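Working notes, structure below.
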Amino acid sequence: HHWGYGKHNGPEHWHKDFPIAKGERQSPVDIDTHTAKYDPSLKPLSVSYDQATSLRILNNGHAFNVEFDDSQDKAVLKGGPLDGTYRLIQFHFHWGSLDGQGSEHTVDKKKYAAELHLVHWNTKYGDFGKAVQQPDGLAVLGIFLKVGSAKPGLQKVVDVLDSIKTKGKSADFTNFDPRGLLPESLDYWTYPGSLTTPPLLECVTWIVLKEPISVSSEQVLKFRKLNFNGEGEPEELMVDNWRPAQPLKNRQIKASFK
Ligand SMILES: O=C(Cc1nnn[nH]1)NCCc1ccccc1
Ligand SMILES: [Zn+2]
């Protein structure tokens with residue numbers, strides 16, 4: 001009886017094994033655009049992915065992780081609200097059964113078809129496992145997906161998914177360039193929060209981009225053909241792998257833009 005997104009093991013259940021699920025800085029949240037204040041002290045975000053080395057794509061039974069070589073400072077996130085250097089370790093998505101839902105964060109209660117999380121760890125903690133025990137351990141770059149035109153830079157991810165259908169399957173995924181997943185603008189909202197899956201650790205500076213990327217119906221349909229289950233178990237389609245918005249509590253969302 002492990003955690004997941006079903007009726008019996010979904011986000012409403014998680015607090016029994018992970019009491020921090022009801023903590024003071026949980027993610028995701030609704031971003032109220034009329035309450036988020038412009039902060040002129042916020043520096044521009046620095047996304048340096050030119051030397052990023054992708055290695056592998058993994059179905060972990062909850063999502064798929066594209067994993068990077070984080071053994072040196074190649075692909076890093078700096079600037080914006082961050083102190084120091086955060087190393088890219090993996091990206092994954094959250095998505096829905098239909099285009100009207102799937103994002104974790106919401107904008108004035110609007111749900112997007114999906115949400116990309118680029119996960120980075122603070123190098124002053126030496127390793128990812130140490131970093132998740134610190135309030136400033138992780139920086140997650142959040143990007144909304146809407147359905148329209150295809151994203152060229154996503155198609156290499158879409159075409160490998162046939163080969164990692166079921167939990168525990170992985171495939172070689174070298175030379176993927178995550179710069180292909182960004183929008184034009186790096187305008188963002190920022191707030192302190194958590195991982196959005198167990199163990200729901202309160203270690204994340206959230207950086208959520210204002211501009212969504214467009215992906216095609218055909219691109220998101222191929223995300224929805226993945227399986228939560230392992231090989232030769234009953235098919236459960238990998239859909240609605242999103243946690244809903246959590247109480248903001250004593251937190252301010254800052255905007256990088258006027
Ligand atoms: O990838 C995600 C999903 C997610 N969290 N926040 N947004 N998405 N979480 C990390 C899961 C994890 C944390 C610590 C140790 C082992 C594994
Ligand atoms: Zn995520």
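In the structure tokens, chains take the letters A, B, ... in the order shown, each chain's residues start at 1, and ligands count up from 1 in the order shown.
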Members of segment 12-166 of chain A assigned alpha helix (DSSP H) by DSSP, as a VMD selection string: chain A and resid 128 to 131 155 to 160
Write out, as a PDB file, in the first residue's frame, the residues just selected, with N, CA and C atoms.
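out-v8.pdb written:
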```
ATOM      1  N   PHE A 128      22.919  15.856  -3.110  1.00  0.00           N
ATOM      2  CA  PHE A 128      21.459  16.047  -3.221  1.00  0.00           C
ATOM      3  C   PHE A 128      20.780  15.580  -1.919  1.00  0.00           C
ATOM      4  N   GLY A 129      21.202  14.409  -1.418  1.00  0.00           N
ATOM      5  CA  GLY A 129      20.666  13.860  -0.162  1.00  0.00           C
ATOM      6  C   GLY A 129      20.863  14.798   0.999  1.00  0.00           C
ATOM      7  N   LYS A 130      21.995  15.494   1.112  1.00  0.00           N
ATOM      8  CA  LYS A 130      22.220  16.501   2.180  1.00  0.00           C
ATOM      9  C   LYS A 130      21.379  17.750   1.915  1.00  0.00           C
ATOM     10  N   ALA A 131      21.285  18.152   0.658  1.00  0.00           N
ATOM     11  CA  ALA A 131      20.595  19.388   0.240  1.00  0.00           C
ATOM     12  C   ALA A 131      19.103  19.322   0.618  1.00  0.00           C
ATOM     13  N   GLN A 155      10.038  16.773 -28.635  1.00  0.00           N
ATOM     14  CA  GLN A 155       9.644  15.584 -29.433  1.00  0.00           C
ATOM     15  C   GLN A 155      10.591  14.413 -29.111  1.00  0.00           C
ATOM     16  N   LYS A 156      11.872  14.659 -28.830  1.00  0.00           N
ATOM     17  CA  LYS A 156      12.830  13.562 -28.516  1.00  0.00           C
ATOM     18  C   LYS A 156      12.373  12.831 -27.249  1.00  0.00           C
ATOM     19  N   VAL A 157      11.859  13.561 -26.256  1.00  0.00           N
ATOM     20  CA  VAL A 157      11.267  12.969 -25.006  1.00  0.00           C
ATOM     21  C   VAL A 157      10.019  12.151 -25.408  1.00  0.00           C
ATOM     22  N   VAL A 158       9.062  12.738 -26.136  1.00  0.00           N
ATOM     23  CA  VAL A 158       7.828  12.044 -26.609  1.00  0.00           C
ATOM     24  C   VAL A 158       8.209  10.729 -27.322  1.00  0.00           C
ATOM     25  N   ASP A 159       9.240  10.706 -28.146  1.00  0.00           N
ATOM     26  CA  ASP A 159       9.471   9.501 -28.992  1.00  0.00           C
ATOM     27  C   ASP A 159      10.131   8.344 -28.214  1.00  0.00           C
ATOM     28  N   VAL A 160      10.700   8.576 -27.047  1.00  0.00           N
ATOM     29  CA  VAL A 160      11.330   7.474 -26.266  1.00  0.00           C
ATOM     30  C   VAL A 160      10.317   6.823 -25.308  1.00  0.00           C
TER      31      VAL A 160
END
```
Would you pick out the contacts of residue 195 of chain A at 8 Å or less, using only C-alpha atoms, so that residues sharing its chain but fewer than 4 positions from it are not included, and give the list as a PyMOL selection string? chain A and resi 26-27+199-204
Would you export the selected residues with C-alpha atoms as a short mmCIF file (atom, residue, chain, number, x, y, z; two decimals), in the first residue's frame, please?
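For reference, result.cif as written:
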```cif
data_model
loop_
_atom_site.label_atom_id
_atom_site.label_comp_id
_atom_site.auth_asym_id
_atom_site.auth_seq_id
_atom_site.Cartn_x
_atom_site.Cartn_y
_atom_site.Cartn_z
CA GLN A 26 3.78 22.82 1.31
CA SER A 27 3.63 22.92 -2.51
CA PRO A 199 8.62 12.74 1.22
CA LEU A 200 7.17 16.32 0.75
CA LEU A 201 10.34 17.87 2.29
CA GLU A 202 10.26 21.70 2.89
CA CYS A 203 13.57 22.35 1.05
CA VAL A 204 12.45 24.11 -2.19
#
```
Please run DSSP on the backbone and report, as number ranges by chain, all residues within segment 198-255 of chain A that come out as strand (DSSP E or B). A: 204-209, 213-215, 227, 237, 254-255
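Nearest residue to ligand 1 among A:123, A:216, A:85, A:196 is A:196, counting only C-alpha atoms and all ligand atoms.
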Non-local contacts of residue 50 of chain A (12 Å; only C-alpha atoms; under 6 positions in same chain excluded) as an MDAnalysis selection string: chainID A and resid 73:77 88 175:180
List as a VMD selection string the protein and nucleic acid residues lying within 7 Å of ligand 2, with only C-alpha atoms and all ligand atoms counted. chain A and resid 92 to 94 116 to 117 196
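Nearest to residue 37 of chain A of all the residues A:221, A:190, A:150, A:173 is A:190, counting only C-alpha atoms.
Close contacts of residue 114 of chain A, defined as residues with an atom at most 7 Å away when counting only C-alpha atoms, with chain neighbours fewer than 5 positions off set aside, comprise residues 93, 94, 95, 96, 102, 103, 144, 145 and 146 of chain A.
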Just the selected residues (N, CA, C and O atoms), exported as a PDB file, in the first residue's frame, please.
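File written: part_26.pdb
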```
ATOM      1  N   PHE A  93       7.587  15.788 -15.476  1.00  0.00           N
ATOM      2  CA  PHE A  93       6.340  16.521 -15.717  1.00  0.00           C
ATOM      3  C   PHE A  93       5.260  15.959 -14.788  1.00  0.00           C
ATOM      4  O   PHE A  93       5.376  14.800 -14.293  1.00  0.00           O
ATOM      5  N   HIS A  94       4.229  16.766 -14.617  1.00  0.00           N
ATOM      6  CA  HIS A  94       2.919  16.357 -14.058  1.00  0.00           C
ATOM      7  C   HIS A  94       1.871  16.631 -15.110  1.00  0.00           C
ATOM      8  O   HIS A  94       1.940  17.723 -15.718  1.00  0.00           O
ATOM      9  N   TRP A  95       0.924  15.725 -15.339  1.00  0.00           N
ATOM     10  CA  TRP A  95      -0.094  15.964 -16.379  1.00  0.00           C
ATOM     11  C   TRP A  95      -1.412  15.316 -16.053  1.00  0.00           C
ATOM     12  O   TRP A  95      -1.473  14.486 -15.105  1.00  0.00           O
ATOM     13  N   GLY A  96      -2.404  15.667 -16.866  1.00  0.00           N
ATOM     14  CA  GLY A  96      -3.792  15.276 -16.605  1.00  0.00           C
ATOM     15  C   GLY A  96      -4.305  14.232 -17.569  1.00  0.00           C
ATOM     16  O   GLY A  96      -3.576  13.857 -18.516  1.00  0.00           O
ATOM     17  N   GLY A 102      -3.932  19.136 -14.805  1.00  0.00           N
ATOM     18  CA  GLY A 102      -2.615  18.486 -14.897  1.00  0.00           C
ATOM     19  C   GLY A 102      -1.532  19.269 -14.218  1.00  0.00           C
ATOM     20  O   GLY A 102      -0.579  18.615 -13.757  1.00  0.00           O
ATOM     21  N   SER A 103      -1.615  20.617 -14.195  1.00  0.00           N
ATOM     22  CA  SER A 103      -0.548  21.396 -13.522  1.00  0.00           C
ATOM     23  C   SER A 103      -0.743  21.230 -12.008  1.00  0.00           C
ATOM     24  O   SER A 103      -1.864  20.955 -11.548  1.00  0.00           O
ATOM     25  N   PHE A 144       4.661  25.936 -17.016  1.00  0.00           N
ATOM     26  CA  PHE A 144       3.320  25.463 -17.427  1.00  0.00           C
ATOM     27  C   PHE A 144       3.329  25.007 -18.883  1.00  0.00           C
ATOM     28  O   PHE A 144       4.027  25.629 -19.706  1.00  0.00           O
ATOM     29  N   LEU A 145       2.551  23.966 -19.173  1.00  0.00           N
ATOM     30  CA  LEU A 145       2.272  23.466 -20.540  1.00  0.00           C
ATOM     31  C   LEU A 145       0.806  23.716 -20.896  1.00  0.00           C
ATOM     32  O   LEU A 145      -0.079  23.326 -20.149  1.00  0.00           O
ATOM     33  N   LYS A 146       0.558  24.296 -22.057  1.00  0.00           N
ATOM     34  CA  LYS A 146      -0.784  24.440 -22.638  1.00  0.00           C
ATOM     35  C   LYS A 146      -0.766  23.720 -23.981  1.00  0.00           C
ATOM     36  O   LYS A 146       0.311  23.479 -24.555  1.00  0.00           O
TER      37      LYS A 146
END
```
At a cut-off of 8 Å, using only C-alpha atoms, what residues contact residue 243 of chain A? Leave out same-chain residues fewer than 6 positions from it and give the result as an MDAnalysis selection string. chainID A and resid 11 28 104 196:197
